[PDB]
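Have a look below at one chain only, the form deposited in one PDB entry, in structure tokens format.
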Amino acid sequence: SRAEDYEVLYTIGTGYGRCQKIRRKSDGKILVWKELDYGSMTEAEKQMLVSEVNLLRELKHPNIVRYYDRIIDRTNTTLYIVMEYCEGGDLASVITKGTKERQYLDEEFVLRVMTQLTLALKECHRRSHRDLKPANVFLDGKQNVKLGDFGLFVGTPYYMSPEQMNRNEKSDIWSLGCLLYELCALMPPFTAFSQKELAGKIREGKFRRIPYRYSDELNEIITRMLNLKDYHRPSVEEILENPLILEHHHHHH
């Protein structure tokens, strides 16, 4: 694991540090890395970074962004985390694009996201947290969908579940429902200017139907994930049993 084993193509994001698209010298494989400067970190914080990286390395699944390697450049006090390159980028940018272009996404694409994220979620629960939010969902070059490592103040918590408003794997189902709803409608199911107003809308549990281009069957399952009672939301298993979900909606190598 050395930095010289890879060549940077270009930077794809800056924030935490920066994310760059890179090329593995030995075989030409295209990857990315997260570049983190740990020079200002205490031993404690550096220690919580080690454990974190250890947690990233323990989850291997087709619908979870894959970790490849960790590289320490103790000279520039930089740590690189090497991960898979997702050519389609993140889902938040896809929604924004639809919103700005005034173009809804195909039902087929929504089903692929539902199927593959529900499988990612199933694997997360099996192990036991990674945020179910558009910015943390990635698309590769083969129609596959993968959950990233985000989560694993200023903002409105659009996706918080009713039971989290005050006090559960069913809560993850609510968040997935919010995500799929936003993918369809291009806006979250509950919106407001403050968290208090938001909590008011969430408690009432009312929202618009997703657009009419989407089947009553898809509207139905998203609506069930958004039930106020956690025990009326479908489990991972009940979601995957839905007649909408077919083999082609799953991942393929």
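Heads up: residue numbers just count along the shown sequence, starting at 1. In this text, the rigid core denotes the largest set of C-alpha atoms whose superposition between the two forms falls within 1.5 Å.
Quick note: we don't show the form deposited in another entry, though the next part is all about it.
For the set 199, 228, 187, 30, a Cα shift of at least 2 angstroms between this form and the one not shown, after rigid core superposition, holds for 30 and for no other residue. Once both forms are fitted on their core, a CA shift of 2 Å or more is seen for residue 81 between this form and the one not shown. Once you line up the core between this form and the one not shown, the Cα of residue 240 stays within less than 2 Å of where it was.
Relative to the superposed core, residue 71 undergoes a Cα shift of 2 Å or more between this form and the one not shown.
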